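Residue numbers (the entry's author numbering), protein chains in the order written: chain C, 1 to 185, 191 to 211; chain D, 1 to 134, 145 to 193, 201 to 225; chain B, 29 to 160; chain A, 36 to 104, 119 to 443, 452 to 516, 523 to 791. Even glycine gets a Cβ: it sits at the ideal position worked out from N, Cα and C. Here is the structure we will look at.
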Amino acid sequence: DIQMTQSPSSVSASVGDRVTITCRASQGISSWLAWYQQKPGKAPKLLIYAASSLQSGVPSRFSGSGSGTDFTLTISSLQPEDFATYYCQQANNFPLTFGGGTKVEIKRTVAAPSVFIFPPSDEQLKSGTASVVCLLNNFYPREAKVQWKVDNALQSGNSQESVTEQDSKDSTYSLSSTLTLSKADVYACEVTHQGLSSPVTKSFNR
Amino acid sequence: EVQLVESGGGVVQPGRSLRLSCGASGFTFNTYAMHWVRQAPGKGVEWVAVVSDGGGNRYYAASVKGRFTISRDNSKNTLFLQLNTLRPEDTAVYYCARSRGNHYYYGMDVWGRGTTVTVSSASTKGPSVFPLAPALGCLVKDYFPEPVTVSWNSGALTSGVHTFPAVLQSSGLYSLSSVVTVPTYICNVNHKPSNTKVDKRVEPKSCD
Amino acid sequence: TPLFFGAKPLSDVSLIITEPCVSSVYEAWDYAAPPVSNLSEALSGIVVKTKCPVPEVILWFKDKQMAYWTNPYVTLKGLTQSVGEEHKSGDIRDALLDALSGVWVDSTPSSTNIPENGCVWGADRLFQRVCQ
Amino acid sequence: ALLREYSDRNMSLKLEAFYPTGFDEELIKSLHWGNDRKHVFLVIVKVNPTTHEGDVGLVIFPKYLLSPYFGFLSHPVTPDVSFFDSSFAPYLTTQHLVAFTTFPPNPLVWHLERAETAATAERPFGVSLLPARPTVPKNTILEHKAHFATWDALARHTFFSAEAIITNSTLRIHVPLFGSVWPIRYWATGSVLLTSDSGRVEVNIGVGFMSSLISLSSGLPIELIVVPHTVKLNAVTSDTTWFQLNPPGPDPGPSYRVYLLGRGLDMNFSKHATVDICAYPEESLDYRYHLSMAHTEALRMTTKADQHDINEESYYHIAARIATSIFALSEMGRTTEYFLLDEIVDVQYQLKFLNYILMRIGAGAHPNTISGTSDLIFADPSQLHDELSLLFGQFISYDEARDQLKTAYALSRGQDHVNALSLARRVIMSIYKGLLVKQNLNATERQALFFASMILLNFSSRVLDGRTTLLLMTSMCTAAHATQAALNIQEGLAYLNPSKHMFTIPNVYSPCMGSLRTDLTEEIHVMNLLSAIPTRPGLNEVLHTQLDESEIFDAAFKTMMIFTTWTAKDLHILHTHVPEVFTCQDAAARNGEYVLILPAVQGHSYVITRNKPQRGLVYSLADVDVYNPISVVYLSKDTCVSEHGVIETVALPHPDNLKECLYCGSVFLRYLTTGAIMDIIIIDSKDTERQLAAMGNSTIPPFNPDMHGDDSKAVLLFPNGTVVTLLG
Ligand SMILES: *[C@@H]1O[C@H](CO)[C@@H](O[C@@H]2O[C@H](CO)[C@@H](O[C@@H]3O[C@H](CO)[C@@H](O)[C@H](O[C@H]4O[C@H](CO)[C@@H](O)[C@H](O)[C@@H]4O)[C@@H]3O)[C@H](O)[C@H]2NC(C)=O)[C@H](O)[C@H]1NC(C)=O
Ligand SMILES: *[C@@H]1O[C@H](CO)[C@@H](O)[C@H](O)[C@H]1NC(C)=O
Ligand SMILES: *[C@@H]1O[C@H](CO)[C@@H](O)[C@H](O)[C@H]1NC(C)=O
Ligand SMILES: *[C@@H]1O[C@H](CO)[C@@H](O)[C@H](O)[C@H]1NC(C)=O
């Protein structure tokens with residue numbers, strides 16, 4: 001079996017900049033690498049089947065090169081419709097192959113998460129449960145980790161996190177960490198983000 | 001314009017069989033080899049199997065070598081896949097693709113739509129909606155099965171509206187949300210299988 | 029250079045495996061093929077050595093008690109064709125190809141070179157370079 | 036059925052686990068590798084020579100796994130799976146994939162685009178030359194074989210049956226170059242072999258099948274393979290996968306699929322014409338089409354014999370054209386079920402003449418070693434020859458004489474009937490006697506001359528034929544005539560249509576092609592061609608519409624190269640018929656310093672040289688310019704000593720005074736003071752001798768110096784070696 005290592009793991013650039021994602025291999029394989037593009041939720045699509053060999057409906061902006069060890073993919077001009085993850089395949093030796101993949105997220109400026117908490121259980125509390133959540137909206141980059149005053153675990157549902165795709169305008173994400181205790185078994194939303202000087206917390210206690 | 005439509009999926013209890021077929025549109029099936037390619041949710045892409053032109057010698061991937069049965073004929077353009085045994089880790093999205101030439105060098109130009117195979121014993125249940133105060147979001151938790159469509163008011167929030175994908179709890183039920191940002202509205206939540214709608218007005222309340 | 033006749037006799041199968049690489053001892057060697065109309069009838073076993081400088085394939089016969097060296101890439105390519113037919117089936121065969129799949133994966137690649145010039149006789153004389 | 040995965044450790048034995056899948060092997064026979072059964076074992080040994088351990092593996096598989104499981122119906126072409134049930138020997142012993150791949154290294158460069166001249170769905174076969182094939186006689190009987198019992202037969206179309214193919218065909222196995230592709234089984238029709246020093250070409254033709262192996266000593270070999278459009282072929286690569294890689298060639302056609310085995314696709318071939326050769330067989334089933342494109346390109350490389358004596362791209366193109374021509378003829382015959390006598394005679398002559406030019410000019414090999422061999426099942430030449438031998442042994454218009462000689466030349470073992478040669482002698486002399494009157498030759502005459510030459514040059524009796532006829536061919540070539548003949552060739556190539564008409568060399572022929580003169584390429588004669596160009600109104604128009612006025616001077620020089628480079632440049636032709644020229648160690652002979660050579664009587668020949676003669680009896684003409692002089696030497700075989708003779712002077716007796724001829728056998732040499740040479744005229748007969756005595760009253764222009772300038776001077780050369788001047 002051959003292991004494919006793709007570098008870098010993630011690339012965020014502006015529109016029109018040259019983006020370069022290479023793909024490594026355990027074996028000393030000669031020539032053919034196959035690039036694909038998977039947009040989130042979408043089925044994958046072929047781009048280049050050897051190095052420079054691009055053909056299909058995907059625009060001619062793309063290119064590639066390299067021999068014998070590493071093989072690179074280069075986008076001459078980046079476009080807003082290029083947001084997807086990029087996997088590579090090594091066909092030189094059969095047994096199986098594929099790349100780890102590289103996510104490309106189109107950038108511009110840079111925002112920070114606005115932290116708000118949501119206490120009221122009123123129409124809930126008499127139904128036998130309580131829900132107090134914490135929302136991180138319109139923030140870049142992706143990295144934020146949410147901890148609570150109570151020990152973070154799967155039972156509290158704190159480890160449950162869903163992240164929407166970038167907004168079509170500001171290219172910023174939205175993060176939600178849900179705190180739910182069924183049948184009512191100190192609370193704080195601890196946000197660690199690079200756009201912040203310190204991991205400031207907005208708490209709630211009842 | 002060449003198309004491939006996949007038929008199969010559903011949910012099957014661990015340790016049983018499923019046959020995923022694939023349709024061929026406009027392409028002559030007797031020409032080029034066919035790929036089955038698997039992608040697990042949140043995970044990457046992993047090749048599975050190749051069928052040689054027509055009924056013939058098929059190359060199997062490492063992991064599934066004992067548990068997989070693959071066959072195809074040029075009559076109905078039917079390329080099936082049979083998973084006889086492996087239960088736990090085979091939950092993923094399966095793709096059907098066709099190699100560029102017959103040779104493996106060039107990978108797969110053609111592609112299919114998709115099929116989602118899941119592994120559980122479950123039934124439908126009801127959802128619930130809770131208000132948020134005073145960024146004005148909604149909340150929906152503990153429902154089954156997918157989907158739940160959540161809109162905002164009428165037509166006017168197409169911007170600031172973010173509807174979050176579902177996440178499976180440990181209780182076997184999913185949960186998600188939807189949000190919008192002002193800096201009084203109503204969150205619109207509808208559930209098809211269990212037929213449930215809960216409308217919750219948003220009026221800012223007191224906090225401590 | 030120190031050449032090779034293409035054939036050395038072997039009575040036992042254990043000796044074929046222990047036989048040192050021909051490429052290591054010699055410089056340039058000739059491949060030879062057994063004097064029998066139907067290979068299958070006479071053939072006993074196929075021993076292929078991967079890690080050798082020029083990975084070698086050895087065809088061995090019992091009742092003749094001989095071992096012949098033949099073209100490494102062609103022999104195994106030729107083998108996979110006869111056992112690769114669509115009409116052929118069975119789990120014995122499926123085990124052959126799976127092991128035959130990555131045979132050369134670890135070893136030295138084939139020639140990218142170009143054949144030297146000169147006339148080529150037909151396959152009568154085996155592509156002898158003689159013009160007449 | 037046993038699969039066993041081992042691990043090797045030290046030299047004792049190895050740890051393993053046995054997994055029999057569906058059947059039984061003796062499990063105690065895994066201790067000693069089963070040679071006992073009718074099965075076969077595979078052992079893949081990975082051991083680092085550094086004395087590490089590594090691992091090995093085993094799969095014991097059964098025997099049967101090795102053995103395999119007009120129209121194309123009854124006679125097919127069957128591809129073979131592998132080397133096992135076909136010839137195994139070359140597919141083992143081959144150095145392919147080890148030292149080299151016959152294929153280009155990149156699988157992307159394999160598939161080629163089909164040329165425009167290739168067949169389509171509208172024209173499943175292709176274009177056919179306009180003098181279209183005569184239809185079978187409705188009420189008549191097709192003979193089993195070709196025959197002629199009469200002279201009328203060689204003129205009228207005579208037909209014979211293709212039934213040779215259905216009965217006498219041979220099933221044979223073909224092995225493509227270097228075991229590049231797996232063996233191919235075809236039903237044989239014919240086999241062609243052309244050999245030389247510089248190259249050999251093997252052609253195998255069968256039902257819906259052709260194999261032409263083209264090989265140069267100075268270049269790469271290539272093999273052209275033609276199989277029916279249905280047939281797919283599998284290339285032999287190093288990959289042990291069960292997948293398929295299609296060997297270099299275009300998409301399949303409506304009729305045939307063509308393959309190219311060779312490395313020339315990009316790396317070697319000069320042009321994008323790698324797809325041009327692949328389209329050869331799909332262009333036509335008319336053998337005249339391919340022999341036309343062979344004849345056209347034949348001349349073009351003779352002009353270019355200056356820079357490169359070896360034209361590599363012209364060797365492949367011409368050879369591939371010869372091969373595909375015979376393939377067309379077998380396949381036109383299998384398809385339409387009837388043959389033609391003049392189709393079978395042609396390929397006998399075309400296989401001689403085109404092979405000679407193939408190896409000599411294109412390959413560069415010594416013309417001494419040029420030879421060829423042809424076996425066609427629908428042609429029995431040996432019999433045809435015997436039918437001819439009794440035809441000769443049982452006035453002739455030039456058309457009738459062409460057919461007699463062409464068919465005399467086409468079929469020969471070197472044995473030619475006495476009446477055949479005696480015809481040829483009569484032909485040349487009758488062209489000569491008319492050529493000292495008029496300035497040009499019609500196509501009927503042009504063709505008649507060709508075979509007449511090829512007949513006499515084919516083999523101290525037959526030797527004395529080659530010499531005296533070399534004079535005659537040389538003599539007919541005059542500065543006046545050569546400009547007409549080289550003009551014909553230029554008009555023929557400019558108005559040439561490859562698609563709708565057959566171009567043939569004997570149609571453009573001329574005595575200057577059979578002449579020894581190396582001097583027609585001199586600036587004098589060349590610039591006389593350019594000023595003779597408008598004399599053919601259509602020609603001058605077309606020439607200026609493509610080539611620059613500078614290119615026209617070159618193109619006119621190119622077509623003047625042919626006459627000097629055809630017979631005179633042949634070293635083998637020279638050495639045999641004029642050994643005297645080469646006898647003592649001589650620079651001028653091999654340096655081309657001898658501009659013109661005239662065979663004298665036995666052991667002696669004249670010659671013309673620009674620089675200082677190192678041998679012979681020298682007569683220098685003092686009326687000529689210092690830097691561009693003219694010296695008539697008289698050479699001898701055993702006499703290599705140098706000396707000088709005396710130019711003497713005689714006069715001409717009154718034409719009707721002496722009815723006796725002492726003059727005949729001499730030569731009239733006319734030249735200017737510019738150093739240029741003009742007219743070499745031999746006095747054949749008393750009729751011509753009388754014409755000499757009349758100045759201004761002669762019908763022969765070189766004899767009358769009222770038609771020339773004041774630079775015209777006359778010398779009379781003698782069989783003795785005596786050199787004289789006419790007073791008048
Ligand atoms: C050289 O020797 C080899 C072996 O020593 C020999 O190969 C033999 O080939 C034949 C086929 O031509 C094999 O016979 C087959 O056996 C399988 C076993 O399952 C049958 O299924 C096959 O059936 C075919 O033929 C039937 C009619 O006869 C059909 O009904 C059916 O559809 C199939 O077409 C087939 O009979 C045989 O097994 C091997 N021999 C061995 C020992 O394995 C080869 O012929 C020899 N070469 C020559 C020509 O000398
Ligand atoms: C076929 O061949 C035989 C001898 O090989 C010969 O007698 C017969 O005339 C041939 N048929 C024809 C017409 O070629
Ligand atoms: C050419 O000349 C010959 C006689 O020399 C004559 O028979 C023949 O018809 C002529 N050809 C043409 C084109 O008329
Ligand atoms: C050569 O020939 C001429 C006439 O043919 C004759 O007069 C002369 O004597 C001859 N010379 C010799 C040396 O024999």
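Spell out whether any CB of chain B is found under 8 Å from the CB atom of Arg-580(A). Chain B, which has no Cβ nearer than 8 Å to the Cβ of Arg-580(A), makes this no.
Are there 16 or more other CB atoms within 10 angstroms of the CB of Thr-628(A), so buried, or fewer, so exposed? Burial call: buried.
Does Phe-766(A) come out as helix, strand or coil in the three-state DSSP assignment? In this structure, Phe-766(A) counts as coil in the three-state DSSP scheme.
Cα-Cα separation, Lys-107(C) to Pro-141(C): Their backbone Cα atoms lie some 9 Å apart in a straight line.
What separation, rounded to the nearest whole angstrom, lies between the Cα atoms of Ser-573(A) and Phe-507(A)? Computed Cα separation, rounded: 8 Å.
For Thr-373(A), which three-state DSSP category applies? It is helical.
If you draw a straight line from the C-alpha of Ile-274(A) to the C-alpha of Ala-595(A), how long is it? Answer to the nearest angstrom: the Cα atoms are 47 Å apart.
Rounded to a whole number of angstroms, what is the C-alpha to C-alpha distance between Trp-200(A) and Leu-437(A)? Distance between the alpha carbons of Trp-200(A) and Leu-437(A) is about 10 Å.
Compare the C-beta of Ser-135(B) against all C-beta atoms of chain C and say whether one is closer than 8 Å. For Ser-135(B), no CB of chain C lies under 8 Å from its own CB, so it is not counted at the interface with that chain.
Below-8 Å beta-carbon distance, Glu-55(B) vs any chain A residue: Output row for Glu-55(B): interface = no.
Using the rule of at least 16 other Cβ atoms within 10 Å of the residue's Cβ for burial, across every protein chain shown, is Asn-253(A) buried or exposed? By the 10 Å Cβ count, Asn-253(A) comes out buried.
Under 7 Å Cβ-Cβ, which residues of chain D neighbour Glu-114(B)? Near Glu-114(B) (Cβ distances below 7 Å), the residues of chain D are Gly-54, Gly-55 and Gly-56.
Exposed or buried, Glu-84(B), counting other C-beta atoms within 10 Å across all chains shown (16 or more means buried)? Burial call: buried.
Between which two residues does the alpha helix (DSSP H) carrying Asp-460(A) extend? Per DSSP, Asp-460(A) belongs to the alpha helix (DSSP H) from 455-467.
Cβ of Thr-216(A) within 7 Å of any heavy atom in ligand 2? For ligand 2, at least one heavy atom lies less than 7 Å from the Cβ of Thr-216(A).
For my contact list, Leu-262(A) and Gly-150(B) are in at a C-beta cut-off of 8 Å; report their separation, rounded to the angstrom. Indeed, because the Cβ distance is near 6 Å, the residues count as touching under 8 Å.
Delimiting residues of the beta strand (DSSP E) encompassing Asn-591(A): Run containing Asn-591(A): none in the beta strand (DSSP E); it sits in the alpha helix (DSSP H), 586-593.
How many angstroms separate the CA atom of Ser-524(A) from the CA atom of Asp-473(A)? Computed Cα separation, rounded: 13 Å.
Locate the alpha helix (DSSP H) running through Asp-528(A), then write down its first and last residues. Per DSSP, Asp-528(A) is one residue of the alpha helix (DSSP H) stretching across 526-539.
Please list, in chain order, all residues with a C-beta atom less than 6 Å from at least one heavy atom of ligand 1. With 6 Å as the limit, the residues whose C-beta approaches a heavy atom of ligand 1 more closely than that are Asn-66(B), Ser-68(B), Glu-69(B), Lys-73(A), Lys-98(A), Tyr-99(A), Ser-102(A) and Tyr-104(A), in chain order.
Could you check whether the Cβ of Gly-130(B) sits closer than 8 Å to any Cβ belonging to chain C? Closer than 8 Å: yes.
Going by C-alpha distance, which of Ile-693(A), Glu-392(A) and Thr-352(A) is nearest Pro-180(A)? Of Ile-693(A), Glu-392(A) and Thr-352(A), the residue nearest in Cα terms is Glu-392(A).
Please report the straight-line C-alpha distance between residue 200(D) and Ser-127(C), rounded to a whole angstrom. Any structural detail on residue 200(D) is unavailable, because chain D resumes at 201 straight after 193.
Helix, strand or coil for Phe-119(A)? Go by DSSP, reduced to three states. Here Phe-119(A) sits in coil by DSSP.
Touch check for the segment 541-553 of chain A and the segment 581-596 of chain A: three-plus C-beta pairs under 8 Å? Yes, the segment 541-553 of chain A touches the segment 581-596 of chain A.
Spatial neighbours of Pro-296(A) in its chain, beta-carbon cut-off 6 Å, leaving aside the 5 residues before and after: So the list reads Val-230, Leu-282, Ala-284 and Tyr-308, once near-sequence residues are dropped.
Same chain only: Cβ atoms within 6 Å of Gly-679(A), ignoring 5 sequence neighbours per side: For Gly-679(A), the CB contacts under 6 Å within the same chain, skipping 5 residues up- and downstream, are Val-696, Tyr-697 and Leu-698 in chain order.
What does the alpha-carbon distance come out to for the pair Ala-211(A) and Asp-429(A)? Roughly 13 Å separates the two Cα atoms.
Among residues of its own chain, excluding the 5 on either side of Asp-742(A), which ones have a beta-carbon nearer than 6 Å to its beta-carbon? Excluding sequence neighbours, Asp-742(A) sits near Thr-541, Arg-733 and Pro-765.
Which listed residue (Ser-538(A), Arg-459(A) and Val-475(A)) has its alpha carbon closest to that of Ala-500(A): Looking only at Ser-538(A), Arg-459(A) and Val-475(A), the smallest Cα-Cα distance to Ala-500(A) is reached by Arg-459(A).
At least 3 beta-carbon pairs within less than 8 Å: the segment 81-89 of chain C vs the segment 32-41 of chain C: As far as the Cβ criterion goes, the segment 81-89 of chain C touches the segment 32-41 of chain C, which means the pair count is three or higher.
For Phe-620(A), report the span of its alpha helix (DSSP H) as first-last. Per DSSP, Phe-620(A) belongs to the alpha helix (DSSP H) from 612-628.
Taking contact to mean at least 3 C-beta pairs separated by less than 8 Å, is the segment 85-104 of chain A in contact with the segment 82-96 of chain B? No, they do not touch.
Is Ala-213(A) close to ligand 2? I mean its beta-carbon at under 7 Å from any heavy atom of the ligand. Checking the Cβ of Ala-213(A) against ligand 2 gives yes.
Any idea what DSSP makes of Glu-165(A), helix, strand or coil? Shown here, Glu-165(A) sits in coil according to DSSP, grouped into three states, outside any helix or strand.
If you measure between the beta carbons of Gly-529(A) and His-640(A), is that distance less than 8 Å? Cβ distance < 8 Å, so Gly-529(A) and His-640(A) count as in contact.
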